[PDB]
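Data block below; observations after.
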Amino acid sequence: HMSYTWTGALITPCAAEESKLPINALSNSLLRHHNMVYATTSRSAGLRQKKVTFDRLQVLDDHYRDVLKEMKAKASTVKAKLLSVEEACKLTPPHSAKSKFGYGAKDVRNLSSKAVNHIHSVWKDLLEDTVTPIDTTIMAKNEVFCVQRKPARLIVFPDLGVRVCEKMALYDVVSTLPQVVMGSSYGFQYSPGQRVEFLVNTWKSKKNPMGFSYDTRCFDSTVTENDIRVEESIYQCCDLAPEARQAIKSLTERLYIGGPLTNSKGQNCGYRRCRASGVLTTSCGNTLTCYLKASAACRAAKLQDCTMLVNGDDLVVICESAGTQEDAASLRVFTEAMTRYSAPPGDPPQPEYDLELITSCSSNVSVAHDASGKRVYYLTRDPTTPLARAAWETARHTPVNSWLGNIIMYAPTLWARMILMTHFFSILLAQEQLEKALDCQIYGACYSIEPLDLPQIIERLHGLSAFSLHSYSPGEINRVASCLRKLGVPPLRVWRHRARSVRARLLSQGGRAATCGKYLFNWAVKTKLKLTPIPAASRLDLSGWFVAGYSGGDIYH
Ligand SMILES: CC(C)(C)c1cccc(-c2ccc[nH]c2=O)c1
Ligand SMILES: [Zn+2]
């Protein structure tokens, strides 16, 4: 039961790829060790093929079947609706991959006759045909990292026509079902603030808390045909229209279970018998499968008071400790159970007794103080990848601006406030592009956001404290400092000086710009200003925000 079989044909790009960090007049002000920053290309995809290709062995016990029956019972209370062509089309990103059948992402959004006619043809084909495998494109991702070198991640996706039909049949399912089935354990329902609140409250509800994260070695490749069929049986519990049921069964047999892999040149690269990274159900299916395997493994390990938190392939468990030795022994049983269910780990899980030492979604909980010196818990991460990606975005215009998403999600952090906000507001002031909307990703979904709306947005998912945080933990400070030394980023003292300039330039401009200088850069000045609740914060249509994960699912909000 091999995840992949290969013909020998290479994974080809759609354009000339850059691996070296592009340099411009703004590069040195952010980063000096340019050699450290790189981007993955299709020319390293052969290295990934080896890693993702392996045999999957699966042993399913009563604990697995018990949890599944409980999951199907909760799923049977979900009612999901069938979306119209126009509704699914409006959810398609503008930078989305064009169809092989004469149309693109912009044609889809504009509802061109050629696109809509093909979408209807694929839909009719899904209702009539449930055996023929759907063709997918295997492409290599261009992701930017810092060295110590990752090979390119793989992206497997069906044609744009199929992707719109996937939305019609499963967009409501993947948006409603996860929270009903997993309850508070479903991580994508939370804003960064609601997440820390949930982790801190959960950690505090235990007599002697123990927490750990579980890292599955190549989760998509570990997903078996059984897992994909089990996902469909859960989707089929919902109150669905007979067209949606037929399209779900069809997309499962023909696409989700597996199919041929085709490169950008139209050559057969091989066959996939695992999870596709570029389908609508990637996030949802990964969450269901992980939660199911982990819940049953909690039961097998006899873990006391298991509180789970699942986001795709990412898993955090907070439970009652039984001492260091009994915890280490319980984590072995948990891993033995996960391995049996075809979910072995990358690095073995380790018991942690300090919430701040637990890393899940590349993030950890940390503590700072607000204006009244009161302790305040927030989400942070190592700023290496956010800084390296920002350095690339300083020289090249990318379809998705990682720095904007990073300011949104990590707004209370030291590194995002002092470096990310400073640098990019400076760039925006210079080009007078403060009023221009930029595309960014939040839980895998694409959002067109106006940078002048940043103070209202941050207040809504972090609170007003985000603008007043100080007296940061020594662990977080040394982490940021270490990252700056590594990449050659100017010290935090230089960033304060620069922020005083950016702030004054923003305030001079008045209006929304003055609000950005006021709220975002209050930390930069000794004589602080009055940070009052913003009237525009309530007037934010945050509908769709923190409902579900859509990573690789081709979603625009
Ligand atoms: C920090 C937190 C809430 C754990 C998280 C989880 C998943 C994704 C993100 C994220 C970070 C940066 C940009 N966009 C995102 O969605 C952030
Ligand atoms: Zn039982």
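Residue numbering restarts at 1 for every chain of the structure tokens, chains are lettered A, B, ... in their displayed order, and ligands are numbered from 1 as they appear.
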
Give me, as a Markdown table, the closest atom pair and its distance (Å, one decimal) for every residue of chain A within a cut-off of 6 Å of ligand 2, counting only C-alpha atoms and all ligand atoms, rows sorted by chain and rising number.
```
| residue | atom | partner | partner_atom_place_in_ligand_line | distance |
| --- | --- | --- | --- | --- |
| A:62 | CA | ligand 2 | 1 (Zn) | 5.4 |
| A:63 | CA | ligand 2 | 1 (Zn) | 5.5 |
| A:66 | CA | ligand 2 | 1 (Zn) | 5.6 |
```

Since we have the selection now, will you write its residues out, keeping N, CA, C and O atoms, as a PDB file, in the first residue's frame?
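See selection-v9.pdb below for the written result:
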```
ATOM      1  N   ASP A  62     -10.840  -1.601  18.425  1.00  0.00           N
ATOM      2  CA  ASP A  62     -12.125  -1.176  18.981  1.00  0.00           C
ATOM      3  C   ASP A  62     -12.152   0.297  19.433  1.00  0.00           C
ATOM      4  O   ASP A  62     -13.163   0.964  19.218  1.00  0.00           O
ATOM      5  N   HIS A  63     -11.037   0.818  19.994  1.00  0.00           N
ATOM      6  CA  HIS A  63     -10.930   2.239  20.389  1.00  0.00           C
ATOM      7  C   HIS A  63     -11.119   3.164  19.168  1.00  0.00           C
ATOM      8  O   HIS A  63     -11.744   4.218  19.306  1.00  0.00           O
ATOM      9  N   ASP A  66     -14.885   2.871  18.055  1.00  0.00           N
ATOM     10  CA  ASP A  66     -15.742   3.512  19.066  1.00  0.00           C
ATOM     11  C   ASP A  66     -15.814   5.024  18.840  1.00  0.00           C
ATOM     12  O   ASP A  66     -16.914   5.580  18.795  1.00  0.00           O
TER      13      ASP A  66
END
```

**Message:** I want to know what sits within 6 Å of residue 259 of chain A, based on only C-alpha atoms, with residues of the same chain fewer than 6 positions away left out; could you give that as a list in words?
**Reply:**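 Answer for this query is residues 133, 271 and 272 of chain A.
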
Neighbour list for residue 463 of chain A as JSON, numbers by chain, cut-off 12 Å, only C-alpha atoms, skip fewer than 3 positions in-chain: {"A": [191, 192, 193, 194, 370, 376, 377, 378, 411, 412, 455, 456, 457, 458, 459, 460, 466, 467, 468, 469, 519, 531, 532, 533, 534, 537]}

Checklist line | Expected selection as a ChimeraX atom specification for ligand 1 within 8 Å, only C-alpha atoms and all ligand atoms | finding: /A:188,190-193,195,311,360-364,379-381,402-410,440-445

Min atom-atom distance to residue 471 of chain A from the set A:353, A:171, A:523, A:212, counting only C-alpha atoms, belongs to A:523

What are the nearest atom pairs, with distances in Å to one decimal, for all residues of segment 461-496 of chain A that come at most 12 Å from segment 415-421 of chain A, using only C-alpha atoms, set out by chain and rising residue number as CSV?
```
residue,atom,partner,partner_atom,distance
A:466,CA,A:417,CA,9.3
A:467,CA,A:417,CA,8.7
A:468,CA,A:417,CA,10.7
A:469,CA,A:417,CA,10.0
A:470,CA,A:417,CA,11.2
A:472,CA,A:415,CA,11.0
A:476,CA,A:415,CA,9.6
A:477,CA,A:415,CA,9.2
A:478,CA,A:415,CA,11.6
A:479,CA,A:415,CA,10.1
A:480,CA,A:415,CA,6.8
A:481,CA,A:415,CA,9.5
A:482,CA,A:415,CA,11.9
A:483,CA,A:415,CA,10.0
A:484,CA,A:415,CA,9.8
A:489,CA,A:419,CA,9.1
A:490,CA,A:419,CA,9.2
A:491,CA,A:419,CA,9.5
A:492,CA,A:418,CA,6.8
A:493,CA,A:418,CA,9.2
A:494,CA,A:418,CA,9.4
A:495,CA,A:418,CA,5.8
A:496,CA,A:418,CA,6.6
```

Give one line per residue of segment 58-156 of chain A that approaches segment 233-242 of chain A to at most 9 Å, naming the two atoms of the closest pair and their distance in Å to one decimal, counting only C-alpha atoms; sort by chain then ascending residue number and deliver it as a Markdown table.
```
| residue | atom | partner | partner_atom | distance |
| --- | --- | --- | --- | --- |
| A:68 | CA | A:234 | CA | 8.4 |
| A:71 | CA | A:234 | CA | 7.4 |
| A:72 | CA | A:234 | CA | 5.4 |
| A:73 | CA | A:237 | CA | 7.8 |
| A:74 | CA | A:237 | CA | 8.6 |
| A:75 | CA | A:237 | CA | 5.5 |
| A:76 | CA | A:237 | CA | 4.4 |
| A:77 | CA | A:238 | CA | 6.6 |
| A:78 | CA | A:238 | CA | 4.9 |
| A:79 | CA | A:239 | CA | 4.5 |
| A:80 | CA | A:240 | CA | 5.8 |
| A:81 | CA | A:240 | CA | 6.6 |
| A:82 | CA | A:241 | CA | 6.8 |
```

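Coordinates place atom CA of residue 1 of chain A at a distance of 7.7 Å from atom CA of residue 273 of chain A.
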